[PDB]
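Participant: Before I ask anything, let me first share the structure, which is written out below as structure tokens.
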Amino acid sequence: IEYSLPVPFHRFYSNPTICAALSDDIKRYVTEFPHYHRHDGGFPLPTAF
Amino acid sequence: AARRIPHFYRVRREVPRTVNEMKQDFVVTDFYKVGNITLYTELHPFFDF
Amino acid sequence: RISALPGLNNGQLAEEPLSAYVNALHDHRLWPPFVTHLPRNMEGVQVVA
Amino acid sequence: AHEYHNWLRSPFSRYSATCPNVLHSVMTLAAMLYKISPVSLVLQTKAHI
């Protein structure tokens with residue numbers, strides 16, 4: 001966990017569960033907005049991607 | 001980008017839903033009804049607006 | 001997966017997600033008959049002993 | 001003994017008393033928990049359920 005960084009970069013590879021497990025900021029984000037937890041590509045990617 | 005990814009989710013603000021994504025949740029029959037807001041963008045089969 | 005409506009529940013209309021309005025399983029006010037830990041969020045819920 | 005203020009009333013146990021011990025009975029018990037708020041109703045209709 002300490003050496004791992006999550007990279008949600010594609011609508012096929014952005015699983016919010018893994019990112020929330022690996023990153024605390026993403027965990028807080030998903031906690032605030034539970035509807036983003038879904039897996040249909042509706043999870044917001046960073047503005048760059 | 002990889003390091004900045006946590007910083008994006010650091011701020012707990014939701015993002016607007018893109019129009020192309022909004023089209024996907026109409027069923028085959030009510031896509032043509034007046035309730036389909038997005039119809040004003042569906043001008044060409046081969047192109048997006 | 002059956003309980004929610006994944007095709008249409010992408011949004012909010014209060015602090016709660018859309019999935020909470022459609023089915024009682026996703027509503028946080030409904031508690032399971034047996035508990036071991038208190039829920040994270042209890043906005044409108046008050047517990048009396 | 002406060003049936004009327006409870007969430008699950010008599011028909012739930014009446015159904016469970018005789019349902020076959022199959023996955024579909026679990027699925028139907030989940031489906032019976034759909035809420036009947038106006039938001040739930042518009043979501044259900046838009047899915048053509």
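Chain labels follow the order of the structure tokens: the first chain is A, the next B, and so on; residue numbering restarts at 1 in every chain, and ligands are counted from 1 in their shown order.
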Neighbours of residue 35 of chain B within 12 Å (only C-alpha atoms; same-chain residues fewer than 6 positions away dropped), as a ChimeraX atom specification?
Facilitator: /B:23,26-27,29 /D:46
Participant: Within 9 Å of chain C, which residues of chain D show up when using only C-alpha atoms, listed as a list in words?
Facilitator: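 Residues passing the distance filter: residues 7, 27, 30, 31, 32, 33, 34, 35, 36, 37, 38, 39, 40, 41, 43, 44, 46 and 47 of chain D.
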Participant: Could you turn the residues from that selection into a file that holds N, CA and C atoms, as a compact mmCIF listing (two decimals), in the first residue's frame?
Facilitator:
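What follows is the written file again_24.txt:
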# COMPACT_ATOMS: atom_id res chain seq x y z
N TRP D 7 -41.09 -0.27 8.86
CA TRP D 7 -40.87 -0.17 7.42
C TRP D 7 -41.46 -1.37 6.69
N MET D 27 -34.28 -12.22 -4.74
CA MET D 27 -34.40 -11.11 -5.68
C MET D 27 -35.76 -10.43 -5.54
N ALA D 30 -35.89 -8.27 -2.49
CA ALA D 30 -35.24 -7.00 -2.77
C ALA D 30 -36.13 -6.09 -3.60
N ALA D 31 -36.80 -6.64 -4.60
CA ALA D 31 -37.64 -5.83 -5.48
C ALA D 31 -38.83 -5.25 -4.74
N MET D 32 -39.33 -5.94 -3.72
CA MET D 32 -40.46 -5.43 -2.95
C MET D 32 -40.07 -4.20 -2.14
N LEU D 33 -38.77 -3.95 -1.97
CA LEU D 33 -38.32 -2.83 -1.15
C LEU D 33 -38.24 -1.52 -1.93
N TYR D 34 -38.62 -1.51 -3.20
CA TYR D 34 -38.66 -0.27 -3.96
C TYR D 34 -39.57 0.75 -3.28
N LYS D 35 -39.10 1.98 -3.16
CA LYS D 35 -39.86 3.04 -2.51
C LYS D 35 -40.85 3.66 -3.49
N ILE D 36 -41.87 4.33 -2.95
CA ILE D 36 -42.94 4.86 -3.80
C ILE D 36 -43.04 6.37 -3.69
N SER D 37 -41.91 7.04 -3.49
CA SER D 37 -41.86 8.49 -3.58
C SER D 37 -42.00 8.92 -5.04
N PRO D 38 -42.36 10.19 -5.28
CA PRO D 38 -42.43 10.67 -6.67
C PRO D 38 -41.13 10.52 -7.44
N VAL D 39 -39.99 10.74 -6.78
CA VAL D 39 -38.70 10.57 -7.44
C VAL D 39 -38.50 9.12 -7.83
N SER D 40 -38.84 8.20 -6.93
CA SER D 40 -38.80 6.79 -7.26
C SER D 40 -39.70 6.47 -8.44
N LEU D 41 -40.89 7.08 -8.47
CA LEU D 41 -41.83 6.78 -9.54
C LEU D 41 -41.31 7.26 -10.90
N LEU D 43 -38.15 7.74 -11.72
CA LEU D 43 -37.02 6.88 -12.07
C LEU D 43 -37.49 5.54 -12.61
N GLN D 44 -38.48 4.93 -11.95
CA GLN D 44 -38.98 3.64 -12.40
C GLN D 44 -39.60 3.73 -13.79
N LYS D 46 -39.00 5.96 -16.16
CA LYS D 46 -37.99 6.22 -17.18
C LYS D 46 -37.23 4.95 -17.55
N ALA D 47 -37.15 3.98 -16.64
CA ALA D 47 -36.57 2.69 -16.97
C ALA D 47 -37.58 1.77 -17.64
Participant: Quick check for you: according to DSSP on this backbone, which residues of chain B are classed as helix (DSSP H, G or I)? Reply as an MDAnalysis selection string.
Facilitator: chainID B and resid 5:10 19:25 37:41
Participant: Which chain A residues are at most 8 Å from chain C (counting only C-alpha atoms), as a count of residues only?
Facilitator: 6
Participant: Which one is closest to chain D: B:42, B:32, B:25, B:47? Count only C-alpha atoms.
Facilitator: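 Residue with the minimum atom-to-atom distance to chain D: B:25.
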Participant: So, counting only C-alpha atoms, which residue among B:44, B:10, B:17, B:33 is closest to chain C?
Facilitator: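 The closest residue to chain C is B:17.
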Participant: Do me a favour and pick out the residues of chain A within 10 Å of chain B, using only C-alpha atoms, as a VMD selection string.
Facilitator: chain A and resid 5 to 9 19 23 to 33 36 41 to 49
Participant: With N, CA, C and O atoms retained, export the selected residues as a tab-separated table (two decimals), in the first residue's frame.
Facilitator:
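To be explicit, this is the file written out as out.tsv:
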chain	number	residue	atom	x	y	z
A	5	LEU	N	0.58	3.66	-6.02
A	5	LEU	CA	-0.15	4.86	-6.41
A	5	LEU	C	-1.27	4.49	-7.38
A	5	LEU	O	-0.99	3.84	-8.40
A	6	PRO	N	-2.51	4.88	-7.12
A	6	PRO	CA	-3.59	4.56	-8.07
A	6	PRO	C	-3.66	5.57	-9.20
A	6	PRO	O	-3.50	6.77	-8.98
A	7	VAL	N	-3.89	5.09	-10.42
A	7	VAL	CA	-3.94	5.97	-11.59
A	7	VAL	C	-5.22	5.71	-12.37
A	7	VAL	O	-5.22	4.89	-13.29
A	8	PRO	N	-6.32	6.36	-12.03
A	8	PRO	CA	-7.51	6.29	-12.89
A	8	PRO	C	-7.35	7.14	-14.13
A	8	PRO	O	-7.41	8.37	-14.06
A	9	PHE	N	-7.15	6.51	-15.29
A	9	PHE	CA	-6.83	7.23	-16.51
A	9	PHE	C	-7.70	6.87	-17.70
A	9	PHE	O	-7.56	7.51	-18.75
A	19	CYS	N	-9.25	2.63	-6.22
A	19	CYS	CA	-8.68	3.94	-5.95
A	19	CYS	C	-8.96	4.38	-4.52
A	19	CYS	O	-8.08	4.93	-3.85
A	23	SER	N	-6.01	5.28	-2.05
A	23	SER	CA	-5.83	6.70	-1.80
A	23	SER	C	-6.87	7.19	-0.81
A	23	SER	O	-8.06	6.89	-0.95
A	24	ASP	N	-6.43	7.95	0.20
A	24	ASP	CA	-7.36	8.49	1.18
A	24	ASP	C	-8.18	9.64	0.62
A	24	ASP	O	-9.36	9.78	0.96
A	25	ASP	N	-7.58	10.48	-0.22
A	25	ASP	CA	-8.32	11.59	-0.81
A	25	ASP	C	-9.48	11.09	-1.65
A	25	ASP	O	-10.59	11.62	-1.57
A	26	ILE	N	-9.24	10.06	-2.46
A	26	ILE	CA	-10.32	9.49	-3.26
A	26	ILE	C	-11.36	8.84	-2.36
A	26	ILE	O	-12.56	8.87	-2.67
A	27	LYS	N	-10.94	8.25	-1.25
A	27	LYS	CA	-11.90	7.68	-0.31
A	27	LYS	C	-12.82	8.75	0.24
A	27	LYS	O	-14.04	8.56	0.31
A	28	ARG	N	-12.26	9.90	0.64
A	28	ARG	CA	-13.10	10.99	1.13
A	28	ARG	C	-14.01	11.51	0.03
A	28	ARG	O	-15.18	11.81	0.28
A	29	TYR	N	-13.49	11.63	-1.19
A	29	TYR	CA	-14.30	12.11	-2.30
A	29	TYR	C	-15.50	11.21	-2.54
A	29	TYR	O	-16.63	11.69	-2.69
A	30	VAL	N	-15.28	9.90	-2.58
A	30	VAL	CA	-16.37	8.97	-2.81
A	30	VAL	C	-17.33	8.95	-1.62
A	30	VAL	O	-18.54	8.80	-1.80
A	31	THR	N	-16.81	9.09	-0.40
A	31	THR	CA	-17.69	9.17	0.76
A	31	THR	C	-18.62	10.37	0.66
A	31	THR	O	-19.81	10.28	0.97
A	32	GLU	N	-18.09	11.51	0.22
A	32	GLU	CA	-18.92	12.70	0.06
A	32	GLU	C	-19.98	12.51	-1.02
A	32	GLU	O	-21.11	12.98	-0.87
A	33	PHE	N	-19.63	11.82	-2.10
A	33	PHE	CA	-20.51	11.66	-3.26
A	33	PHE	C	-20.69	10.17	-3.56
A	33	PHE	O	-20.05	9.63	-4.47
A	36	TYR	N	-21.05	8.52	-7.16
A	36	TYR	CA	-19.91	8.34	-8.03
A	36	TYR	C	-19.30	6.95	-7.92
A	36	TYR	O	-18.40	6.61	-8.69
A	41	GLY	N	-18.47	4.19	-16.13
A	41	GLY	CA	-17.76	5.31	-16.70
A	41	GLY	C	-18.19	6.66	-16.20
A	41	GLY	O	-17.68	7.68	-16.69
A	42	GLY	N	-19.13	6.72	-15.26
A	42	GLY	CA	-19.57	7.98	-14.69
A	42	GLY	C	-18.67	8.54	-13.62
A	42	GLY	O	-18.92	9.65	-13.15
A	43	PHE	N	-17.65	7.80	-13.22
A	43	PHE	CA	-16.72	8.30	-12.21
A	43	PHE	C	-15.86	9.40	-12.81
A	43	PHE	O	-15.23	9.19	-13.86
A	44	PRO	N	-15.80	10.58	-12.21
A	44	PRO	CA	-15.07	11.70	-12.81
A	44	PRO	C	-13.57	11.43	-12.88
A	44	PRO	O	-12.92	11.18	-11.86
A	45	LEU	N	-13.04	11.47	-14.08
A	45	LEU	CA	-11.60	11.45	-14.27
A	45	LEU	C	-11.02	12.84	-14.00
A	45	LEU	O	-11.74	13.84	-14.08
A	46	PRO	N	-9.73	12.92	-13.67
A	46	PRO	CA	-9.10	14.24	-13.52
A	46	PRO	C	-9.21	15.06	-14.79
A	46	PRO	O	-9.35	14.52	-15.90
A	47	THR	N	-9.15	16.38	-14.63
A	47	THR	CA	-9.38	17.29	-15.75
A	47	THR	C	-8.41	17.04	-16.89
A	47	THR	O	-8.76	17.25	-18.06
A	48	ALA	N	-7.18	16.62	-16.59
A	48	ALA	CA	-6.22	16.33	-17.65
A	48	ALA	C	-6.71	15.20	-18.55
A	48	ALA	O	-6.58	15.26	-19.77
A	49	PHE	N	-7.28	14.16	-17.94
A	49	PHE	CA	-7.69	12.99	-18.71
A	49	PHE	C	-9.11	13.12	-19.23
A	49	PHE	O	-9.51	12.38	-20.13
Participant: Please measure the separation of atom CA of residue 11 of chain A and atom CA of residue 14 of chain C, giving the value in Å to one decimal.
Facilitator: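 According to the coordinates, atom CA of residue 11 of chain A and atom CA of residue 14 of chain C are separated by 26.8 Å.
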Participant: When you draw a straight line from atom CA of residue 49 of chain D to atom CA of residue 29 of chain D, how long is it in Å?
Facilitator: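 Distance reported for this atom pair: 16.4 Å.
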